[PDB]
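Some notes on the structure that comes next.
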Amino acid sequence: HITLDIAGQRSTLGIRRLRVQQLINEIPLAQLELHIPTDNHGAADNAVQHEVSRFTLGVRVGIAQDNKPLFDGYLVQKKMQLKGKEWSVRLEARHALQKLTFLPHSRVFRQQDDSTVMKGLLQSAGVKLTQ
Amino acid sequence: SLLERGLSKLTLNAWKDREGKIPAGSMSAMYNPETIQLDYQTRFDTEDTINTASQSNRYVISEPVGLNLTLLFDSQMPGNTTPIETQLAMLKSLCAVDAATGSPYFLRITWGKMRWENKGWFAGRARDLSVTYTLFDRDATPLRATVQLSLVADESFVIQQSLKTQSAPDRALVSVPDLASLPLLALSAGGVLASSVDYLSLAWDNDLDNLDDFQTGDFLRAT
Amino acid sequence: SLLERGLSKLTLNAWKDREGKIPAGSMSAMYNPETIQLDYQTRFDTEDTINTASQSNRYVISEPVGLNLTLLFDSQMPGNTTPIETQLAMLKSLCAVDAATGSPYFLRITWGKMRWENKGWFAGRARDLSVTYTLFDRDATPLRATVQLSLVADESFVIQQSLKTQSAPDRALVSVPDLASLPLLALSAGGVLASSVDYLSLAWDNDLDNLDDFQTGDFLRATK
Amino acid sequence: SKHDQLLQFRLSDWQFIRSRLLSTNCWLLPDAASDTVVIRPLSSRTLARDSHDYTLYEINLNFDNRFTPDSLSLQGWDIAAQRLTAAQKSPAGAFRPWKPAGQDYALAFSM
């Protein structure tokens, strides 16, 4: 089935929506959507509070579909709604190319190839170029 | 019974605010309704998941309890001297929009020995109403009414405050039975509070020494 | 029967949590319903595929089992002495939102030998309730009730996980018959697990030598 | 500190203000029902689920960390000294707008 790993633990919750997006020149992403149950009280009413509090911004998030790796990215932008008795939370997770996108750097790159500029430029996050 | 035999008509008491400080008029209905019904409705929705196969459903809202009752008025039989339009002057008035305030009149219905929703009274506002006059005379002063009231819950905000004070208070004060143990003392203390108190924090609150310092007859408090 | 002829009423037990840890009140109702009814329903949606090779319809969700049940209370016949408001002060309470937590009470209906959907009890919460008093007294103690309950399925998570491990608990332990073969032994192991256990993995997991190694009475272990 | 030389080069005159509030560590706080504005630098009521006084209906909160750095080490070219003035790094964790109950940005200007 579909198993959401966050920070190494398999994190038994209930996903109502999962959508993994992957394009041709863009950072691939993955939206989750969970439901935190409120109407079933007792021991599993605060034990589900412990499982959502582990969703800090920037954690290893892994999705596995039919015992194959689906997404494997870091977490950004945890939104929660809480309308009425509903209390949903929405996750997003971005690839390792998210470490490259909002910090203005400056280099020069004299006497280098087209590939040696760029494979040393993706290497700052741990992304391994294949070419 | 137990004192005397005489009819207790139902009374429609109306206020202007939720709490009942400002009183409107009141009327007692002749010809008791012969049937009342209180209808409940709690709305659920089936929760969905794509990981597991556990099947539960989500509590959405609780639609309030509605009271349906019908009344009949008559001013023809020789005991009935008062006209039915001065009696229907207040069912139409107290179950409509107030003149100065936009809200209705909060309509507290009561009967002599009948508990409605675990209380002696039934608060609420009239959702709808219908008078259908079926018999007239020569100038048509009306002679029959056939009223068809229907109400909602609308308890006061204070009454609703005290009822959740008698259920799950702030402090528990659970007892200690014979052959007791802290995993079971914190299991019955977590049933009064409905908040699952741990054995370890129940032990620190009472400052007991050895996790066995209860002596079958002393009281230890949970918070 | 088989011992004696006393009746067994139905009992409505209530809790507060999903499980049975925190008991609320619990009433038994006189004057049995005469008829129960539990309706199942499963929702399907038709595939409007453009390829037009096949007609089919997907499975979306199974609606929860709902139980309908109608009761009656009466206290003026001289065997009946408890006033019916004390018996309806529990149905009106247990089929409503609790003051402690702000939720329904997770009811559980039971009858002496009646077996509900596949268990000896019917868990769930109250969707609906309507009392309609028809007779009264001079001071109007009611003394006639006609209740019209309606519930949903909502079982606990420990019972639902236990029923899942009783069907395909990820090991098979398949016996071999006389005149057997591994494509047949994979179909008989792919029915215990419902996972298409792909016969080359059977001969690797059990250390077969030559794909015909089993001898008419030995077992083969199949995981996933 | 007094300015030596500002310049408003054909700005809207409101465009100039909130490009000058961004460089001064202040926000506007505009008030309706008046013409009074309290400009105050970037630096409780306790609405709770249990509390009777305020009724709640929806609480959306986004919790993003894309455009939130930790440093803002900004520096610029000193004309007199020509050292490209020492890097004034700002710590994250000062001015916390969200305080819970339970990457380094760096430019250098030629000016």
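As they're listed, the protein sequences go chains C, A, B and C'. A prime marks a further copy of an entry chain.
Per PDB author numbering: the first sequence ends with 133, consecutive numbering throughout.
Per PDB author numbering: the second sequence ends with 224, consecutive numbering throughout.
Per PDB author numbering: the third sequence ends with 225, consecutive numbering throughout.
Numbered according to PDB author numbering, the fourth sequence spans residues 141 to 183, 189 to 247, 257 to 265.
Beta carbons: idealized from backbone N, C-alpha and C, even for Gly.
Residue environment, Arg109 (chain A), which counts as buried when at least 16 other CB atoms sit within 10 Å
Flag for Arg109 (chain A) reads buried.
Taking buried to mean at least 16 other C-beta atoms within 10 Å of its own C-beta, is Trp205 (chain B) buried or exposed?
That one is exposed.
Is DSSP giving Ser126 (chain C) helix, strand or coil here?
In the three-state reduction of the DSSP assignment, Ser126 (chain C) falls in the helix class.
Between which residues of its own chain and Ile4 (chain C) is the CB-CB distance below 6 Å, once the five residues before and five after are set aside?
The beta carbon of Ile4 (chain C) sits closer than 6 Å to those of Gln67, all from its chain and outside the five residues before and after it, given in chain order.
Please list the segments of the beta strand (DSSP E) lying wholly inside the region 119 to 189 of chain A, counting only runs of 3 or more residues, in order along the chain.
Assignment of beta strand (DSSP E) within the region 119 to 189 of chain A, counting only whole runs of 3 or more residues, yields 127 to 129 in chain order.
Going along chain B, which residues have a C-beta under 9 Å from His3 (chain C)?
Listed along the chain, the chain B residues whose CB falls inside 9 Å of the CB of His3 (chain C) amount to none; the nearest CB is some 12 Å away.
Unbroken alpha helix (DSSP H) run spanning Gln88 (chain B), endpoints
Its alpha helix (DSSP H) spans residues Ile85 to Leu95.
Exposed or buried, what is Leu203 (chain A) when buried is set at 16 or more other beta-carbons lying within 10 Å of its beta-carbon?
It counts as buried.
Residues in the region 119 to 137 of chain A with C-beta within 8 Å of chain B's C-beta atoms, listed in sequence order?
Against chain B - using a Cβ distance shorter than 8 Å - the residues of the region 119 to 137 of chain A are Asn119.
Since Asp41 (chain C) meets chain B, which of its residues come closer than 7 Å, beta carbon to beta carbon?
By Cβ distance, chain B contributes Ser104.
Which residues in chain A sit within 7 Å of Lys165 (chain B), going by Cβ to Cβ distance?
The contacting residues are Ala54.
Using beta carbons (cut-off 9 Å, strictly below), is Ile8 (chain C) in contact with chain A?
Chain A has no Cβ within less than 9 Å of the Cβ of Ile8 (chain C).
Where does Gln88 (chain A) land, buried or exposed, given buried means 16+ other C-beta within 10 angstroms?
Around the beta-carbon of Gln88 (chain A), 16 or more other beta-carbon atoms lie within 10 Å, marking it buried.
Could you compute how far the alpha carbon of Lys121 (chain C) sits from the alpha carbon of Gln114 (chain C)?
Cα-Cα distance, rounded: 11 Å.
Between the alpha carbons of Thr191 (chain C') and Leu194 (chain A), how many angstroms are there, rounded?
So the two alpha carbons sit approximately 24 Å from each other.
Counting Cβ pairs, one atom from each stretch, are 3 or more of them under 8 Å apart for the region 175 to 187 of chain B and the region 206 to 218 of chain B?
Judged by pairs of C-beta atoms under 8 Å, the region 175 to 187 of chain B touches the region 206 to 218 of chain B, as three or more such pairs exist.
Can you check which of these residues, C':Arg211, C':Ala225, C':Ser183 and C':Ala231, is closest to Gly238 (chain C') by C-alpha distance?
Cα-wise, what sits closest to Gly238 (chain C') is C':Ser183.
The beta strand (DSSP E) spanning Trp16 (chain A) covers which residue range?
From DSSP, the beta strand (DSSP E) with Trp16 (chain A) extends over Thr12 to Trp16.
Can you tell me whether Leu201 (chain B) is buried or exposed? The criterion is at least 16 other CB atoms within 10 Å of its CB, across all chains shown.
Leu201 (chain B) should be labelled exposed.
Let me make sure I understand the geometry here. Which of A:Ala223, A:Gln38 and A:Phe45 has the alpha-carbon closest to that of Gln149 (chain A)?
The option with the nearest alpha carbon to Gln149 (chain A) is A:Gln38.
Please state whether the Cβ-Cβ distance between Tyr259 (chain C') and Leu105 (chain C) is less than 9 Å.
Going by C-beta atoms, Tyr259 (chain C') is nearer than 9 Å to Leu105 (chain C).
Residues that DSSP places opposite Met28 (chain B) in a beta bridge
BP columns for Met28 (chain B) point to B:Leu13.
Within 10 angstroms of the Cβ of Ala25 (chain B), are there 16 or more other Cβ atoms? Answer buried if so, exposed if not.
Looking at its Cβ environment, which holds 16 or more other Cβ atoms inside 10 Å, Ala25 (chain B) is buried.
Report the neighbours of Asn48 (chain C) on chain A: residues whose CB is nearer than 7 Å to its CB, in chain order.
Under the 7 Å cutoff, chain A gives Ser197.
Of all the CB atoms in chain C, is at least one closer than 9 Å to the CB of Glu48 (chain A)?
For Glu48 (chain A), the answer is yes, since a Cβ of chain C falls inside 9 Å of its Cβ.
What does the Cβ neighbour count give for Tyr60 (chain B), buried or exposed, with the cut at 16 atoms within 10 Å?
Residue environment: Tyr60 (chain B) is assigned as exposed (fewer than 16 neighbouring CB atoms within 10 Å of its CB, all protein chains considered).
Please list, in chain order, the residues of the region 11 to 24 of chain B that have any C-beta partner in chain C closer than 7 Å.
Answer in chain order: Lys17, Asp18, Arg19, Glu20, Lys22 and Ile23.
Should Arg6 (chain A) and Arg139 (chain B) be called a contact, given that it needs their Cβ atoms to be closer than 9 Å?
Taking 9 Å as the Cβ cut-off, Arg6 (chain A) and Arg139 (chain B) qualify as a contacting pair.
So with Cβ pairs under 9 Å, would you call residue 226 (chain B) a contact of chain A?
Because chain B in this structure spans residues 2 to 225, residue 226 (chain B) falls outside the shown range and cannot be described.
Buried/exposed call for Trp243 (chain C'), threshold 16 Cβ in 10 Å
So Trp243 (chain C') ends up on the exposed side.
May I have the straight-line CA-CA distance separating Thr83 (chain B) from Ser29 (chain B), to the nearest angstrom?
Taking the straight line joining both Cα atoms gives about 13 Å.
The region 144 to 162 of chain B touching the region 10 to 26 of chain B, judged by at least three CB pairs closer than 8 Å:
Touching, yes.
What are the residues that DSSP puts in a beta bridge with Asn69 (chain A)?
DSSP output for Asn69 (chain A) lists A:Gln38 and A:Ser151 as bridge partner(s).
What's the gap between the Cα of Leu3 (chain A) and the Cα of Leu70 (chain A)?
Their Cα atoms are separated by approximately 28 Å.
Examine the Cβ distances between the region 89 to 107 of chain C and the region 41 to 49 of chain C and report whether three or more of them are shorter than 8 Å.
Between the region 89 to 107 of chain C and the region 41 to 49 of chain C there are fewer than three C-beta pairs closer than 8 Å, too few to call the two in contact.
Taking the continuous beta strand (DSSP E) assigned at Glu35 (chain C), which residues delimit it?
Looking at the DSSP string, the run of the beta strand (DSSP E) that includes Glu35 (chain C) is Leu31 to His37.
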